[PDB]
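1. this one is an experimental structure. Sequence first:
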Amino acid sequence: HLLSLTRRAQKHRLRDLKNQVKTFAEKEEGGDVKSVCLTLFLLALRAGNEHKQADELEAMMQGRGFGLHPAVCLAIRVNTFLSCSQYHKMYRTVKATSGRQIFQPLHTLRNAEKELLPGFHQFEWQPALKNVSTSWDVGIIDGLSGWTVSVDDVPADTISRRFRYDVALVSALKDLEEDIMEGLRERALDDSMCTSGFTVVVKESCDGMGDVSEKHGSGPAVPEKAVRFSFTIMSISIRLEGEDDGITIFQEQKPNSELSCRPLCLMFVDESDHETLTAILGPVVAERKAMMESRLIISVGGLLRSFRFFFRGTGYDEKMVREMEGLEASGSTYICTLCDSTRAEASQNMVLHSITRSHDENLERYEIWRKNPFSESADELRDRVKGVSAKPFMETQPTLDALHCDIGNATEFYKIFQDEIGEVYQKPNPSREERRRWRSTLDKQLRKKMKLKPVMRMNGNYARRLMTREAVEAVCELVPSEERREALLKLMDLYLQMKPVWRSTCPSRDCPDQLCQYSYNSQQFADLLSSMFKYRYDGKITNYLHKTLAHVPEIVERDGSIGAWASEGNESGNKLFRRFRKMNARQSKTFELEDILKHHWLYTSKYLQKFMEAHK
Amino acid sequence: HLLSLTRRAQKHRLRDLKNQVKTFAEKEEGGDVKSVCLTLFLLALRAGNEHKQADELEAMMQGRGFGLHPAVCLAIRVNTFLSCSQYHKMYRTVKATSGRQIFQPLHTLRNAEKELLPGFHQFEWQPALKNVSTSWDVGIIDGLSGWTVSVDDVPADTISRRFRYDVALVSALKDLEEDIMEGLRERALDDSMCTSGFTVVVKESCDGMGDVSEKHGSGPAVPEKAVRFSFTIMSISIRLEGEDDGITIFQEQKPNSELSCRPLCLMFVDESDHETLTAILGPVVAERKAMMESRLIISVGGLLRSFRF
Amino acid sequence: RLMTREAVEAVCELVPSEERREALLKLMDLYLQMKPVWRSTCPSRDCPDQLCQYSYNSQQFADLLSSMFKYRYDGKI
DNA sequence: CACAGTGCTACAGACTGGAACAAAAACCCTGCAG
DNA sequence: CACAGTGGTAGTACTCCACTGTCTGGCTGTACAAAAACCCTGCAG
Ligand SMILES: [Ca+2]
Ligand SMILES: [Ca+2]
Ligand SMILES: [Ca+2]
Ligand SMILES: [Ca+2]
Ligand SMILES: [Zn+2]
């Protein structure tokens, strides 16, 4: 039987059928090799018909894959942290032994890639963007942006890589086309109609990172600290044709997750030195400023449609909020980024203030400090300008950061407990010896009951586990006085009562009663602090206690949320950055930022995360 | 446009084609429609096929797949550094789309390796070892080795784990059986005979490792530095019946590789202090010093054979 | 990477004196040529000549150390 | 003279196509053989 | 009131190893008509 001989062997057999199919291809199709054999064989198998093969023969060509489709292979490789070379190892293994290979080769995965990265879909900005090129196919650009490397100027030491802003925007926006059209159908809105009234709200974050080791390479020399600038799409809603203040279509269900945080720019720069950070990150701010005005026109769902963008920079820590706005940092006399009170007026009256600071007034105050029209002395001009000693570089929405606020308050209560173990308000001047002894007994008691090893620095998780009532009642037994016990216990209770207003995604729905009583509860909190703990809070408050006892109701009223705009998305993305610089990038100084950027853009797509569930 | 019409139009689109095919089958191959129509695709596609033509054509009734043996799946999982939960994610995704499931579930892998780990094969020493129990199924044993944790003594601040020496050795030797049999074959020495004089030379190594971060956990408090005792089978040779110092069979071609270094004991202990290190590592050195004397008996390649170390 | 010869060539350029520039290069040469005996897997096969010459080469290395670097290797080895 | 990778790029071998050839595998078929 | 994990164990839920008859859906030889959609041509502005 011919099924036992080689494929070369068969030469003599099928000559006449090849002649017949070549003659037949002319008169009806023109060269269609596939169909003339496909519809013949699939139907001739069903002549003596068992359906066992009818399933195998139906999906063989068109839908879907046969084997698993290349896009499914790409998703099951990116979303499980499989290195390319490990995947090729698995591919060879599953194919050579009993295959019938299922996965696709590497070079066809790499070909289904150029559709996901930016620089593939066409778009149009109306009107034309200001001092921004109109070419829509730019991929990964080097962040140096044309430095005249010549030796006599400032050196070009910094390596950097970045997409263009609008191109990554339109790609990460067209990726959500599935869910935007499904929201359009769910709300049952008109499709052909109401195409130009969309509105996008986008949270962007910035952050630095320490002790990133460096490599030998070939140069140039580079610092260890790395800086990562990334953005995330929070919500997309519709406006036309009337007032209809909000008609949401898509809202990110989990804004703090890794899976929704899109990297835009990576640098090997320190955060401290302003010169290099501003030189590299200048073009991004110019793109943002020129993009806030114009409207995007994108082909989605079969039709071209017009979008507008709204940016809210909220993912910055206080060090960077003060750097990017020129204020002095951070143990300064002026504690609040939003208000103008000094340390004294904020230890005196804790719970009454109003938000004033913004971008435009800070620019104008730098102008006043520089022109100095009244010939004032330095120390008093500083008070007249209220801490603006530098020109603001970038606009950030006036909001509080959740995670570092929780950490600040947890370190504050940890210091209070330490003071309490010993008697601090009887003997006001202790030594370092007794301080270390009190800290040691506090850590031993916390480890014995709460199951918490000591910490070098207060990370978020130790701050969630420390400020709970079990821990306080585990430290209440150490403090001998029976009145201080009740005091700090009611303090912890008030704090646990006011926490979910700021730490929740939407306090307006998940915890309305705690929202309604935040002002009064903070009043009682500050009253207990002023009364009983005055030995510690006479004239010195931390800047986070002020932010959380004065400005929280106004913040949650302005936008409607706090924790949903936290810096979690970037902080946690740093983990992905480290695991992608060690496992998935070329080991060289020249190329490796490009690989981390590409793989981290692929991990954070929605279209490749649709296949991880595959309808359960 | 030939994309989606039903049967009874392609019927008369290809009536003459199928009549000619049946005529050819009757003229030369008797008339077996299936064998003809299955082979029609081979040459028509192969004029220009990429590679997937051959795969989807060999996807015929033969093969076949139902999926790889669970051992191959286990090897893929332990050699691509895939976490168990990530592997289950891959399994669910590959079965839900177009499956036809290939990979095995987790619960059949968990019983698939019960042979590879120690404490499975039967073995016995002679003469019986000193100060070592004869149970041959001891798996992962806690290294503390019966410390009377009671408060007044020196406390047990150490979390450690270790395989017993003899059991991990007989499993690492029973695993290399393929290569020692193949060496006997290539060397053209008789397999059944002169099986009593083997000799196994084993390189052992001990090392510490700094700044292993501690966990919150329950207790007790533990230092951060860890110590990792491991060993590796360097070479195995034959001497019997004699006249040769040795006749080598298996020699590790890549001794320094990370693929050939078998861990034996893990501890959370500092290297500087001596009392904790020696109290944990007492038993290992004891049964090692007691093992150099006697000879091991294993059932390998079908027969009972004797080993020295 | 630093024990190779083309690396001693980048250092010999900073040393102003010439006799020392030759001395340290002769030292690097002797070392590159006695290293593979104890770094190789099986020196009895891959490099037999270096194994046969290790005694004389070590003698000469020690002689050069005592001669032109005595100020450092008087009593600390 | 650690060693298993770290991904992208480059070019080596595996394919067709008729022309035509040889060697071989093995049926069957004739010569010369008792 | 982050969040996606980390592997093992107990529990539920289901989907199957064998015996059995019965049932429907869909294959095959041409004949027979109803719809499909251009294209012709026919008669009219
Ligand atoms: Ca940081
Ligand atoms: Ca920082
Ligand atoms: Ca050490
Ligand atoms: Ca060491
Ligand atoms: Zn304020």
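-> Yep, it's here. Numbering: from 1, shown residues only, chains lettered A, B, ... in the order given. Ligands and ions are numbered 1, 2, ... in the order given.
2. can you list the residues of the stretch 101-250 of chain A near ligand 2?
-> When proximity is defined by CB under 5 Å from the ion, the stretch 101-250 of chain A lies next to ligand 2 at residue A:208. For the C-beta atoms, the positions are set from N, CA and C on the backbone; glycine is no exception.
3. tell me where the stretch 101-250 of chain A has helices.
-> A:106-109, A:165-174, A:177-186 (DSSP state H, counting those that start in this stretch).
4. angle of the last one against helix A:165-174?
-> Translated: helix A:177-186. 50 degrees (axes from the mean of the first three to the mean of the last three CA atoms, to 10 degrees).
5. residues of helix A:177-186 that come out buried?
-> Residues of helix A:177-186 classed as buried by neighbour count (16 or more other CB atoms under 10 Å in any protein chain shown): A:179, A:180, A:181, A:183, A:184.
6. next: the first one.
-> Applying a neighbour-count criterion of 16+ other CB under 10 Å, the buried positions in helix A:106-109 are residue A:109.
7. what helices and strands are in contact with that helix?
-> Packing contacts for helix A:106-109, counted by 3 or more CB pairs under 8 Å, 6 or more residues apart in numbering or on different chains; DSSP states H and E, involve helix A:70-78, helix A:84-96.
8. and if you look at the second one?
-> Packing partners of helix A:165-174 (3+ CB pairs under 8 Å, 6+ apart): strand A:123-126, strand A:262-267, helix A:274-291, strand A:295-300.
9. between it and strand A:262-267, how big is the angle?
-> Using the same axes, to 10 degrees: helix A:165-174 against strand A:262-267 is 150 degrees.
10. the inter-axis angle of helix A:165-174 versus strand A:295-300?
-> Using the same axes, to 10 degrees, helix A:165-174 lies at 40 degrees relative to strand A:295-300.
11. returning to that earlier point: which of the helices and strands packed on helix A:165-174 sits closest to residue A:536?
-> Among the helices and strands packed on helix A:165-174, helix A:274-291 comes nearest to residue A:536, with 35.2 Å by CB to CB.
12. export the closest one as CSV, just CAs?
-> Once non-C-alpha atoms are left out, helix A:274-291 reads as follows in CSV (Å, rounded to 0.1, in the frame of the first residue of the first chain):
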residue,chain,number,x,y,z
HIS,A,274,17.4,67.8,37.5
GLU,A,275,19.5,68.5,34.4
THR,A,276,19.3,65.0,32.8
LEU,A,277,15.8,64.2,33.9
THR,A,278,14.4,67.4,32.3
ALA,A,279,16.5,67.0,29.2
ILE,A,280,15.2,63.5,28.5
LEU,A,281,11.6,64.1,29.6
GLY,A,282,11.2,67.5,27.9
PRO,A,283,9.7,66.0,24.7
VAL,A,284,7.1,64.0,26.6
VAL,A,285,5.8,67.1,28.3
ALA,A,286,5.7,69.0,25.0
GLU,A,287,3.7,66.2,23.5
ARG,A,288,1.3,66.2,26.4
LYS,A,289,0.9,70.0,26.2
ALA,A,290,0.3,70.0,22.5
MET,A,291,-2.0,67.0,22.7
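13. buried stuff in that helix?
-> Applying a neighbour-count criterion of 16+ other CB under 10 Å, the buried positions in helix A:274-291 are A:276, A:277, A:279, A:280, A:281, A:283, A:284, A:287, A:288, A:290, A:291.
14. isn't the first one up against residue A:269?
-> Yes. The pair residue A:276 and residue A:269 qualifies as a contact (CB atoms under 8 Å) at a distance of 4.8 Å.
15. shared neighbours of those two, anything?
-> residue A:158 (CB atoms under 8 Å, 6 or more residues apart in numbering or on different chains).
16. how far away is residue A:563 from residue A:585?
-> Counting by CB to CB, to the nearest Å, the gap from residue A:563 to residue A:585 is 32 Å.
17. again, but for residue A:574
-> 15 Å.
18. ok, back up a step: between residue A:563 and residue A:585, who's got more neighbours?
-> The neighbour comparison of residue A:563 against residue A:585 (other CB atoms under 10 Å in any protein chain shown) goes to residue A:563, with 22 against 18.
19. is it true that the more buried one touches residue A:502?
-> Yes. Using CB under 8 Å, residue A:563 is in contact with residue A:502, at 6.7 Å.
20. shared neighbours, the two?
-> When CB under 8 Å, 6+ apart defines a contact, the residues bordering residue A:563 and residue A:502 alike are residue A:402.
21. residue of the stretch 1-150 of chain A nearest ligand 2, please.
-> Ligand 2 sits closest to residue A:143 of the stretch 1-150 of chain A, with a gap of 19.6 Å, by CB to the ion.
22. tell me how far the nearest residue to that residue once chain neighbours are set aside lies from residue A:574.
-> Computed as CB to CB, 6 or more residues apart in numbering or on different chains, the closest residue to residue A:143 that is not its neighbour in sequence is residue A:160, at 3.0 Å. Distance of residue A:160 to residue A:574, given as CB to CB: 17 Å.
23. compare these two (neighbour count), which wins?
-> Residue environment comparison for residue A:160 versus residue A:574 gives the larger neighbour count to residue A:160, 21 against 17, counting by other CB under 10 Å.
24. hang on, the earlier thing: let me have the buried residues of helix A:274-291 in a markdown table, extended by distance to residue A:229.
-> Compiled in a markdown table, these are given as follows (distance: CB to CB, whole Å):
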| residue | distance to residue A:229 |
| --- | --- |
| A:276 | 14 |
| A:277 | 10 |
| A:279 | 14 |
| A:280 | 9 |
| A:281 | 7 |
| A:283 | 11 |
| A:284 | 7 |
| A:287 | 12 |
| A:288 | 11 |
| A:290 | 17 |
| A:291 | 15 |
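25. near ligand 2, which residues of chain A are found?
-> Close to ligand 2, as judged by CB under 5 Å from the ion, chain A has residues A:208, A:317.
26. try 6 Å this time
-> Applying the criterion CB under 6 Å from the ion, the portion of chain A that neighbours ligand 2 consists of A:207, A:208, A:317, A:319.
27. can you pull the contacts of the third one?
-> This points to residue A:317. Taking CB under 8 Å, 6+ apart as the definition, contacts of residue A:317 comprise A:207, A:401, A:404, A:567.
28. burial count for the residue nearest to the last one when sequence neighbours are not counted?
-> Residue nearest to residue A:567 in three dimensions, not counting chain neighbours: residue A:315, with 4.2 Å by CB to CB, 6+ apart. Other residues within reach of residue A:315 by the criterion other CB under 10 Å amount to 27.
29. DNA strand D contacts on chain A?
-> A:7-8, A:11, A:83-86, A:89, A:107, A:110, A:583-587, A:595, A:598 (CB under 7 Å from any atom of the strand).
30. among the helices and strands packed on helix A:106-109, which is the most enclosed?
-> helix A:70-78 (a mean of 22; mean count of other CB atoms under 10 Å in any protein chain shown).
31. for the closest residue to DNA strand E within the stretch 351-500 of chain A, give me phi and psi.
-> Taking CB to the nearest atom of the strand as the measure, the point where the stretch 351-500 of chain A comes nearest DNA strand E is residue A:500, at 3.7 Å. Note on residue A:500: backbone dihedrals following degrees, to the nearest 10 are phi -60, psi -10.
32. residues touching it, list them.
-> If a contact means CB under 8 Å, 6+ apart, then residue A:500 has A:507, A:510, A:511, A:514 as its contacts.
33. most neighbours, which of those?
-> Across these, neighbour numbers were computed from other CB under 10 Å; residue A:507 holds the maximum, 23 neighbours.
34. if we can go back for a sec, tell me the one among the residues of chain A next to ligand 2 nearest to DNA strand E.
-> Ranked by distance to DNA strand E (CB to the nearest atom of the strand), the residues of chain A next to ligand 2 are led by residue A:207 at 13.5 Å.
35. what about the closest one, how many neighbours?
-> Neighbourhood size, residue A:207 [other CB under 10 Å]: 21.
36. and it, what does it touch?
-> By CB under 8 Å, 6+ apart, residue A:207 lies in contact with A:227, A:228, A:230, A:315, A:316, A:317, A:320, A:567, A:570, A:571, A:574.
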